[PDB]
Every structure is written in structure tokens, then in C-alpha cells.
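The structure appears below as C-alpha cells.
Excluded from the calculations below are hydrogen atoms, water molecules and symmetry mates; all remaining heavy atoms, backbone and side chain alike, are included. Numbered from 1 within each chain, the chains take letters A, B, ... in sequence-line order.
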Amino acid sequence: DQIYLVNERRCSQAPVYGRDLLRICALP
Amino acid sequence: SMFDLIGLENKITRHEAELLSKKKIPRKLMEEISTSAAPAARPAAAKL
Amino acid sequence: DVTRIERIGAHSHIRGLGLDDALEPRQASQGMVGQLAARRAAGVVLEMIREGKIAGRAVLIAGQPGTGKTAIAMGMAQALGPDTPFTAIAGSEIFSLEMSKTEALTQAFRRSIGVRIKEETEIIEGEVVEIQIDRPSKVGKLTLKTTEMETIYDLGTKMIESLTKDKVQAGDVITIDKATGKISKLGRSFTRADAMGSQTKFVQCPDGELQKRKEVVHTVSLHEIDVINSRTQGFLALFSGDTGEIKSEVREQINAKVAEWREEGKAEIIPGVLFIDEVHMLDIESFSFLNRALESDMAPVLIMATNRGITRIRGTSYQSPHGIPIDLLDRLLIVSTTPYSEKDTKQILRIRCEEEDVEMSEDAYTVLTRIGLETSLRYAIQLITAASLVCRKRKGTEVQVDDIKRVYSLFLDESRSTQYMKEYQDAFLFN
Amino acid sequence: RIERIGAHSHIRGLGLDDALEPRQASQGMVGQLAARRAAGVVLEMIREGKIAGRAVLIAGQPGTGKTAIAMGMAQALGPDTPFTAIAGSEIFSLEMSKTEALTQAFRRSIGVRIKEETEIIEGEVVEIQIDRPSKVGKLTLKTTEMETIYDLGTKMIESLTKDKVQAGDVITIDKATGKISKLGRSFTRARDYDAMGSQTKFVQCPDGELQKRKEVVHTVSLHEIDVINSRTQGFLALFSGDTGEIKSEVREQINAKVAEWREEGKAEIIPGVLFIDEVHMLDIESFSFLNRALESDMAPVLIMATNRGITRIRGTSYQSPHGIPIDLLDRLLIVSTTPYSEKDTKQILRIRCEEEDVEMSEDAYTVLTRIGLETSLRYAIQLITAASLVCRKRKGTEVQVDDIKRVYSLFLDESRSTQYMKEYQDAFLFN
Amino acid sequence: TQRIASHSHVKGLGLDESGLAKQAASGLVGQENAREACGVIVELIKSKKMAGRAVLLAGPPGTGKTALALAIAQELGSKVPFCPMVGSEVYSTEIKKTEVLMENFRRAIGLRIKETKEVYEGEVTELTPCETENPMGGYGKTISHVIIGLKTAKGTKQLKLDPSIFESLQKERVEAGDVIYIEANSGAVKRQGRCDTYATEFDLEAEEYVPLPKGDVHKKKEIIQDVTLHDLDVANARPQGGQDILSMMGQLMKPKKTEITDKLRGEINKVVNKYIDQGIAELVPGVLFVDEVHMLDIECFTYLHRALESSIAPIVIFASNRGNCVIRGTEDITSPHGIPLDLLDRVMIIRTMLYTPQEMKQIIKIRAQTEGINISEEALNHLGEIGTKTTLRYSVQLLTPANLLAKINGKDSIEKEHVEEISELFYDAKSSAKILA
Amino acid sequence: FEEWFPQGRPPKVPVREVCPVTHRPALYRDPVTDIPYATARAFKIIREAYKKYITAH
Ligand SMILES: Nc1ncnc2c1ncn2[C@@H]1O[C@H](COP(=O)(O)OP(=O)(O)OP(O)(O)=S)[C@@H](O)[C@H]1O
Ligand SMILES: Nc1ncnc2c1ncn2[C@@H]1O[C@H](COP(=O)(O)OP(=O)(O)OP(O)(O)=S)[C@@H](O)[C@H]1O
Ligand SMILES: Nc1ncnc2c1ncn2[C@@H]1O[C@H](COP(=O)(O)OP(=O)(O)OP(O)(O)=S)[C@@H](O)[C@H]1O
């Protein structure tokens, strides 16, 4: 149950922007 | 750490996060996993 | 029961703009009563914002203090809903040691234009079953597994280096970007979670196709793109705010690239609303900039509120109607708010008491309405909660006129405090 | 091409004879006989470079030609002597103090001429053999007179390999550093391969000895030496202007070492001219610094221009002749420019016509000189180009009085614009 | 699709070939004298001959000064740099006002760099050395050529290179079947990747398999890029420096705007002159539009004196609606347009006039057409009367709220009742000022 | 010389693999029974066929 709760926490947090967004918003 | 939003920028994307939320090991299956024995049934290479 | 970060604020009871589909304001709807003409005007401006056709249209909300300008602005924001940028700032927020007032206004504008960018990625996800000896120029095999498929991949040198650098191990779920050959480890296998536990996270095996096309729509603002492009690690400025006067050339390039994407169907531009409360706090330089920042094709709808009379413009000796230069006043439409009658004040107090969850007797409502008409609306709103607390300390369920009188004597309004001061003014410092 | 017809493009010099007497119209320079003669005397003083920290002020009514006198002085001074021209407003930086900016301007105007004895070998490559497993090699170079075979050390081999020298290259090699500079491809070997390659353009084989010693002169400014010696990669601040408050002790060290170089035959000091245009934009602090910056032996000749008369000194409430404090005015000589007569105006208009390559009739010259006397010289000078364009649109070749009147009607001067404004004074803002 | 700005109807100056302004043409109505002066200025700009010439557009607010400037921009086209700027822009926290002004000056000077690249592209069919008993004596294994067979979709060509290209052939991982680019001049081999024909669906490495080059082996033709002198100044002031200590340290510090020295700009001028002399570059000088020039302070005008007298300056258009105003940076010095008299001395003043009711009606109809609004003649007359009472901008701005009200009412036209209701909902400056008093 | 000019070794264009079940272009390869395949249905069919083959053999 401790493993489940901590893994729930770590698997539930979304990044504010994320690598894909920062990459697609770059100018060439 | 759960309030560390800046660190998560280096780590994942939002599609990855949604994936993770949908795919996080459910609690029931965790006890199923920790009960069952190892399913080591690898058919081994064949080269057919 | 549980307290959130959001709790009972001044405008928390304004759930929207209470007007019909004909834009006719109901007397009391969505937590907003009275101000019929201004609410109708706000509905027209809201429809303008929703259509998103006309660029840089400026609206000014004018009226006496306590007449609902910020209430109307918050109602507009609540009717607009999320996913349409509504940027709310005070005129004071543009005076920064980081950047010029012009730059701050530019950032506020770029923050009210939203961009929805979509892309196709074509990734591979699966649980890795095997990575075998690469010793020869190195060559290896990777076995990936879904609940429905497993396939074996022949690895080139770059992919081998990426896999060995991430220490990808048998029994973990990765996603591989085919275009970039990028390995992202997102979790460990479902055959354990079986004695482990660390920074690691546990994920169950992907189901379906190993290779998947995927459409992801990214919501950003023009300001976010500007600060991402400002420097190599400029996305950190979205957090610290250490943006520092983004270059104009970068902004022109971003505007052109966004126009390209919109033509290509890649990007969708959602124009929004910039709300500057207390716009009388702007300089004449800031108003001069607003004159021209509105004439851009990428300008949002500007809403500004000011309770000033005929005041001198900041930074100048010139008297202008709303503290705003007359050249900018010609560029906007002015919404004026009529003061509140006894019925309107009573209705507002009733809605506020509903928000507070406080029950008040009808005599108490009459007395508090008269107090608000005498003193001010906000003072009555505050007396609401003060009398609720005094009633609770008395172990009563309903707030009586006695409690309102008690809190009235405990807490003064501006006029009575000014009087008590005035009779003692030699005791107060500097007049 | 990047130099177009500027306001002072016709000014090729001061137009003075050997007696420093001004010729009426010479070197694109009409009239201003006494002012031009004074400028010639100052130019001689600058050429001699004997007396340090000399200040001259060119004072006159607007449009009388102070900036033209300065540009003529710059042209007659030549590219070799430093001539830094700034506006008094340029010393107000966010990077540095006004005193620092003025010190930097002063040290841009002093030139250091550093002559070093190099020993180069310059020849045509007729053979190069490099053996590689330390590397071994042999190189044969020839002038028109002699040929020599060089056994190459490892460092020289590396230099040649980096510079990719072949037979037929004309190269110069520095005996101290081994730097390879290739001047082109030679007459004899010339064409090169029968491979992809490109087109060809060939240079001559060098004459004389391979080793020819030779003495080269390198010119820098004191500001460059300060910037390079201040920041360990401060050299790039010579372009970005990112040198904040170079330390006084660093500058003292630079001065001492430059004097030492001069005594030891290495350096020769070239005192230049600092031209502060619109010097009335300096404040009292800047003038006070200028007072003592002129007391140093490393101080250039200072030329200042101002059209003010009996004006407030910036940063103070005091009235002084030119907006310059009287203590600094006692430190300088004043060159007064007199207003222009009818024939001087006509001559200047003819010179500007020639510079812009416009033919215009004599009636047009009469009308335009009348306009210039009535309105201003600069307005007529602009009417020159306007009328030429109108004539070309008309498909004419000579600018007539009708074109001049047309452009007079299209474009206003200050007087007529001010009058039309006075008529509609209420329509303009903040009168 | 496209969003309608306040100046989206202004498409040109509306002049006939003789240089005369039509009553209404290309989105502009009236103001004929100003449009004719602006045509003369457009010809001046197109002549590319005069540097640092300034025109001030002076008139009451709403008289088309910015409309005329943007019409000038449209007349010059996208190839001529048009740098719009507000007088408030000079007050930067990072750089001085003079630096901002000079940078904007360098943004109005355009440069067209035309560089012709010659490359040999294709898939490497063969890498064979040509052996010879050539040397100046020697019992070794000698090669006088390297045969490279390059295969494009169009055909195959066998190139014979300097034997020295063998070093870069294996410095780059160039084998048969790799896609390569051989600079005709530089002679540097460059392995783009491997041909995508040798690419199974079971291969995970990516950014290695490039499609076979299309067209001929021998082609890269001319790349033409347009820059401003400010772009060169910025690029050469702080190098990208992404390779070493510069990379990490500079990126880690914030990239502030710096006060570029005149030395750098002079060097850029020299380089651009040499580029133009070689025919690689073309100079297209543009126009700098300083709107709200009265927001500049005395120091800025004093600098403009020197900036306008340089041979490298662009054409400057100043707009000012100020009647007789204290110059910013001075306490009690009033000059006509908030601009010093000595700056007005080196300017040509184009004066804009108040519009008659008929011109306002025409402008309102043009704006309605631009915004996709059908307006009845009665509504147009009433809106023109409103504009006569209040102002042109106010009447122009009632169009879209009134069209929305008509749409809500089921109509597709603006009728008098809708404009009356919008007039009652929204106030103009005059009525609001009456209410305030 | 051979170290610097290995040369030769023709690239040998690959085989355009096909899925036995759907006869579509192959985009997967089963680690057991390296038969290529294109769909998940093909994968389960291939694995059933391998089970029957190993039962027979
Ligand atoms: N229908 C309503 N109209 C206006 N104010 C309302 C209304 N209902 C409740 N209120 C409250 O009345 C108070 C008046 O504040 P607002 O006027 O909305 O904000 P404001 O920024 O102070 O604008 P002012 O006072 O007119 S300058 C706020 O606490 C509102 O929440
Ligand atoms: N010999 C001369 N002396 C002075 N001015 C001249 C002379 N010859 C031509 N000019 C004119 O000088 C103009 C330069 O601008 P002006 O303002 O008229 O003079 P200036 O050199 O700029 O000095 P100020 O500061 O403006 S009084 C040119 O456009 C010429 O028409
Ligand atoms: N002659 C004209 N013909 C057509 N449209 C015009 C004309 N003059 C102005 N307009 C338009 O009417 C509106 C008011 O004109 P503006 O150009 O915005 O005012 P302005 O004079 O440029 O502002 P200032 O005070 O000069 S900075 C804008 O939408 C213009 O595009």
C-alpha cells in the first residue's frame, strides 16, 4: 500500500509544459 | 517533491503523464503480482 | 468542510454574466444583480471576444467606486471560461525593475493570445523483453512487448548508445520517438508492481499496437513562445519570470511562424481578453503604447476599469476624463455603471450572505442595506461576516439587528473614522 | 552603396588654401569664411598633436553650418587620425556612468600606432611533401629570384596541414608564430586539378628573397587597449559595448605602459578629435568632468556644437550662455557661424543639387533661394529632392519653378504648419 | 479567417499614374493632399538614393496619419523594410534610449544576400582509388584520384576528386550506399546518412536513413535571405558561442540587450559594402515609422539630429497629434508638436485634415465592407451623424457590436434601431466626460 | 591502403518483407518465429500456428 500510494503520486503529476511543447515551440 | 513542478520539465511530457495515469499498476493487480509465481514460459528462439 | 486555496473572496459569488441568449440581463442571475445596461454591454463585448474576428478592440468600464466594474469583469471571465485566455492585471504590475512598461504591456498582450498547436509523433511503446550482447560498430537486438504483440528490433549504433545511456533494462516500459530515436523510460514492469521501491514508478504493459500515430494539441500563449525562444533555456523564465525584454525580432519571427502554422492548419489562434484593473495607474507612455499595440492583427480585446473623475494623467500635468489620454479614449467604448438603489443593494447583500453561508433576519437586512447606502457597499459586505462571527460567539443561528449594531460600533467606516480622527487630528502625525 | 546622399555628403573638406584662407566655394563648402578659417587653424593644431586637451565650441544659429564645419574638419583630417563623433545624449547609458562614457569617448579619440618588426617568408609553393605514420615533410618555395627547400618541423607541418597548402599557392609564413596566410593561387601552378573544383583567379609570384623581414604598423585606440586589458575576453565588448566602468587603475597602467612604449620606440601617439554634437544635452556633472578630463596629456582635441543662447544648464536651474557652465566656457575657444546671405544660400543649393544630381532652371534657383531665406535652408534642401521627384513623375528633365511651388504646397515648413495648427488649435491634443 | 485590425482596409495610397489621389481608392478616402505627398515620399524611398530624410505627419487625432504610413508600407511592398515603432519604446530598462533608436534605425535598412552554393549530391555507388606508378620516384602504393560514384534519382555521375578527399571520406563514416554532399568548392564530403532504400522496417536507428537525393547530382543553386543591418549587428555583437564555456556560462546568464558600439556598426557597414561590391548582396533601405514621436524626450530628439544626418540612415516618418506641448524631458519648453523646433527644421511636414461628414460616411462604409458588415443606407446616415457628433473612431467601432446585435435579432443587416441601441449601451469620450463632471 | 580504402561491399537492398496473414507490408518481427507481421491479429494467428507446429514436431 505504501508502494501503491507513492507510485500513485509519482504517476499522477503532469508537467506544466513538457519537453514536446518546448521542442515544438522552438524556432528553427 | 510532489510540489516540484520545475523538475518535472526535465523528465516527461503531458502525453506521457496521461499515459502514466491510465497505465499505473492498479492496486489489485499488485497483490496478484506479489502472490503469483514467476511465469518464465519463454518459448525460446525458433528461426522459422 | 475542507479548506481549499480558493475560498470566499470579494467576487467568488459571480458565477457568470446573467443575460439571456438575446443578451438581456436578468435582474438576478449567475450571482449578479442590477447593472442592467453595463451587463448587456458586457455581453456584447463577450460575444465579440467569442467570435474572435476583430483585433484590438478596447472597452473601458467607468463608474463610481463600488458600482461593479470588477464584478462585471469577473463575470465576463467566468462566462468566457477556461481555454480562452483572460489575463487580469493591475495597472501597477507594469512598473517593473525587470523590463520597460512597454515590454510589460507587450507581454500582457502576448499572454492574452492563445495558440493551440497539434502534431503527429508516431512513437513506439512497449515493455522491453531483451537487449542482447552488442560486442563486435556494435549491433544488438531489442524485444518489445505489448499485451497483444511483441517484435524484435535491430539496433544501430545511435540507438544502442541511447539504450545503454538510459540503462534500459529487461522489464521496463519505454516509448521510442521514431523521428528522433529518443528513448523515454516511463515505468518498470508489471511482474513486480516485488521487493523494490525508489524514485522508480511502476506501469502496466501497453496494450494494442507497438507503433502508434498520435495527435497531441499543445496550448500555449504567444508570450510563452516568446520566452521559450528568448534564450536556450528560456522556458525557465516561465517559472522565475526572469524574462528581460524579449527581442522584437524574435516576436516578428514568432508572429510569422504562427501565421504559417495557421495557414498549414497546424496552429489555431484563440484571441482572448486582457483586463487591466485600475488603468488610471498607467503612464502617458503606457497609454501611448496601448494606442498602437491595439492596432496589431494579433492584439486581444482590452478591458480596462477606472473609477476616476476628471484627473491628471500620470506622468503629466494634463487633466483628462478618466485619467486616460483623449486619443486613447477615442479608441475605446466606455461602459458606465449606474449607482445602486435600495433594492439592488439589498439583493447584492442577500447574494453575499448566501455566499458566506450566513443567515440574517429581515430587520437585519433592512438595517444593513441602510448602512450600506449610508456608508458603502463593501463596508456592508464586511459587516456581513463580522456579524456572523458575533452571532456565533453569541450561540445564535440567525444574525439579528443587534449583532449588526454591535459590529457597526466595533468597526468604523471611512466617514466615521475620518470624523474621530478629525476631532483628534493633532494627535495624528502629519495633519 | 550603403553610404547614400546624407545631409553632409557634399562636404569633402574645409576648402582652404595653404594660407588657411577660405575659398568662397571649395570642396562642397560655401561661405562661412571666418568660421572655416578658424576650423582650419584648429585642424592644423590637431595635425600637430602637440598640445593636449584643447576645446573648441562652434556656436551659431540653427542651420548656419556647425555640423557641416565639423564634417569638413573630419574629411580634411583623414581616416588615419581618430575622429569620434557623438551626440551629448549618447553618454546617458544604463551600462556605465556619464563620466565613464566620457572617458571612453576621450580614449576612442586617441590612437596608438604600434610598429613591430615581423619576419615572414613569402613564396610560391612549387612542392610540398608531408610524411605521416611524428610527421616529416619538405616544402619548396620560390620567388621570381630564388627557390629553397625547407625541412619541416612538426609544428610547421601542422600549420600547413591546417591551412591545406598545395603547389601553386602563394603563402606567407611568420617565422615567430608559424602562421600561414595564403594570398591566392599563382601564375605558374595556377589552374589546379582536373577534379570538381571551381573557377579560378590567379595572383603573381612574389619577388625578391623568401625572408624579407619588413616592419608593420598596427593602430589601436586607448579605449581598445582598456577594454582588452580589463576583462579576460573583454575584447568582444569592443563590439557589444558591454564594458561597465573600467577601473581607474587599469587605465593608469595603460597610460604608463603606452608612455613606456613611446619612449622605447614601439608606440606613437595619434591624438584625435572628439566631436560632441549638441553639447547642451550634457548636464552640469558631465561639464565638470570635461573640465578635468582636458587636463591630461592623453586628452584629444574637443569640438562642441550648440545652437543654444542664454539657456538653462541641464541638471541645474542656472542660466549660462550656451547651456554650458561658464567655467568650461573659459576652457575653450568659440567659433561663431554667421547667418547666410542670398548668394551663399543659392550656392549651397546648387551644390546640393549637384550632389543629388538634379538639374534645375535658374528661375527655380531664384524661387528656391527665396523660399530658403523665408523658411529655412534645410527645408529648401529637401524641396530639392521633392521637386526632382515631382519633375520625374511629370517626365521632365529640369526642375522648374512650377515643380518647386508644387512641392512647397505638398510639404510644409514649421511656420506654415504652425499657422494651420493655430487655426485648428482645439483639434490638437494638449495645447 | 484573417483578423480585422483597424488598418486592414488600407491597401495603398490610391494615386493615379500621374501622382494624383483619387477621391476614394485602395481603402483611403479624402486627405488627397496628404496622400499625394505620401506618393512623393514613396517615390523618394523607391529611389534608394537619399539617407536620413524625415517627414512628420501632423494633424488632429483620427486624421489618417497611421493609415497613411501603413498605406506607404503597402505601396513599398514586403521587400522594403518597414519598422513601426512607438515613442514609448525608447525607455528600455536594459539599454539607453539612444541605443533603442539606433537599433530601430538599423532595422529599416534591409539587405538581400544572394549566395550560390554548388554541391554534388547523391548516393555513393563506389569509392575506388585510382592507382598509378606516378610519384616522383617511390616504391609505394600511390593514388592520383578518388573515384566517387554519386547516384541521384535522375542519374549517376562518377566524380574524380583530389586524393586528399580520402581523409574526410572515412572521417565521415562514408561507405557505399550512404547519402553524401561534396561541396563543389570546399571539397568537403558530408554523410547525410544512409539511403532509405537500405532501411528495413525492423531497424530502430533514426536520423540515419535519408531519401535518395532528387534531381541531378550537381545542384544547389542560389539561397537568397533578407536581413536587416540590425540582424548583422546583433549576430556579430554576441556570437552564438554554443561550443564551449561560452555556451554554458552565457546561456546560464540572462542575455541582456547591450549598447552596441559604433565600431561594430562601422565594421558591419564595411562588410556590407564589400558584399555589395562582390554582387552577393543588395541593399534595400526602408522606412522607420515613429508613431507618438511626442513621447520621445529631448535627449531622443537631440540624438535624432545626428542619426538623421548619417549617410546610412533610413527614411523616417514621424506622427504627432500634439497641438503646442511641453517637450518631454524639459520642464516648460513648448514647441509645436511636442517636437523641438530644431528637429522640425530638418523635417517635411505633411498635414492631415479633419474629415467632412461625407468622407466619414465613405470611411464607415469602407470599414463595414472590410469587416463583412451589411449596413442599410439609413443606418449609414445615422452612424455618420453620430460620428459628426462624437468622432470617427467611435462611429467606426459601433459597427461590429451593432452587427452582433442584428445577428442576435435574426437580421443580417445593421438597421437604425441596432445602431441606436449600441449608441445607448456604449459611451464616447464627450458623453462620459459630461457624466464625470 | 585497405584500412583507408576498404571499398566494395555492395549495399544489398533489403527484402520488402510481407505479413503471411494479411499479405500487407511487414512492420513487426516476432522474436519467437521471426516471421514478420503487420497486425496484432496476425501476431496471435502466427503464435497459434507456431504452437500447432511445435505440437506436430
Ligand atoms: N451585481 C453586482 N454588481 C456589482 N457589484 C456586486 C454585485 N453583486 C455583488 N457585488 C459586490 O459588490 C462589490 C463592489 O465591487 P466591484 O465594484 O465589483 O469591484 P471594484 O473593482 O471595486 O469596482 P468599483 O468598486 O465599482 S471601482 C464587490 O464586493 C462585488 O462582489
Ligand atoms: N560651407 C558651408 N557651411 C555650412 N553649411 C553648409 C555649407 N555648404 C553647404 N552647407 C549646408 O549645410 C547643411 C547641413 O545642415 P545645416 O543644419 O544647414 O548645417 P549644419 O552643418 O547641420 O549645422 P547646424 O548644427 O545644423 S547650424 C547642408 O545640407 C548644406 O546645404
Ligand atoms: N483617409 C482615410 N481613409 C480611410 N480610412 C481612414 C482614413 N483616415 C483614417 N482612417 C481610418 O480610421 C481610423 C482612424 O484613423 P487612425 O489612423 O487610427 O487615426 P490616427 O490619426 O492614425 O491616430 P494618430 O492620432 O495620428 S497616432 C483607422 O481605422 C484608420 O485606418
Could you tell me which portion of [X] (side chain, backbone, both or neither) has an atom closer than 4.5 angstrom to a non-hydrogen atom of chain C?
X        : result
E:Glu421 : side chain
E:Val326 : both
E:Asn409 : neither
E:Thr400 : both
E:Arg194 : neither
E:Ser8   : neither

Option that, when pairs with chain C are counted at under 4.5 Å, heavy atom only, ranks first among [options]:
options                      : answer
E:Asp203, E:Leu204, E:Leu252 : E:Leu204
E:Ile408, E:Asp291, E:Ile435 : E:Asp291
E:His230, E:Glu103, E:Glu208 : E:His230
E:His7, E:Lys407, E:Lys256   : E:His7

Part of [X] lying under 4.5 Å from any heavy atom of chain E:
X        : result
C:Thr232 : side chain
C:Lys182 : neither
C:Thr102 : side chain
C:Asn291 : side chain
C:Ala41  : both
C:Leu333 : both
C:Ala179 : backbone
C:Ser317 : neither
C:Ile176 : side chain
C:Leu142 : side chain
C:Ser96  : backbone
C:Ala299 : backbone
C:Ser320 : neither
C:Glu249 : side chain

Does any donor atom in the side chain of [X] or [Y] lie under 3.5 Å from an acceptor atom in the other side chain?
X        : Y        : answer
E:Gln397 : E:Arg367 : no
E:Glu89  : E:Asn104 : no
E:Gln2   : C:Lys53  : no
E:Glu292 : E:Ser88  : no
C:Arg308 : C:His322 : no
E:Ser320 : E:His337 : no
C:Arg292 : E:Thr66  : yes

Go through the steps for E:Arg328 and C:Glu285 under the test side-chain contact (heavy atoms from CB on, under 4.5 Å), then give the verdict.
CA-CA 11 Å; E:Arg328 289 197 76 72; C:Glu285 282 114 316; 3.4 Å; yes
Side-chain donor/acceptor of C:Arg40 to backbone N/O of C:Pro25, under 3.5 Å: no
From the list E:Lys65, E:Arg322, E:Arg393, salt bridge (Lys or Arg N to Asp or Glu O under 4.0 Å) partner of C:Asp327 resolves to E:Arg322
With a 4.0 Å cut-off on N to O distance, would you call [X] and [Y] a salt bridge?
X        : Y        : result
C:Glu295 : C:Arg331 : yes
E:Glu207 : C:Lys158 : no
C:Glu47  : C:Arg50  : yes
E:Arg106 : E:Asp233 : yes

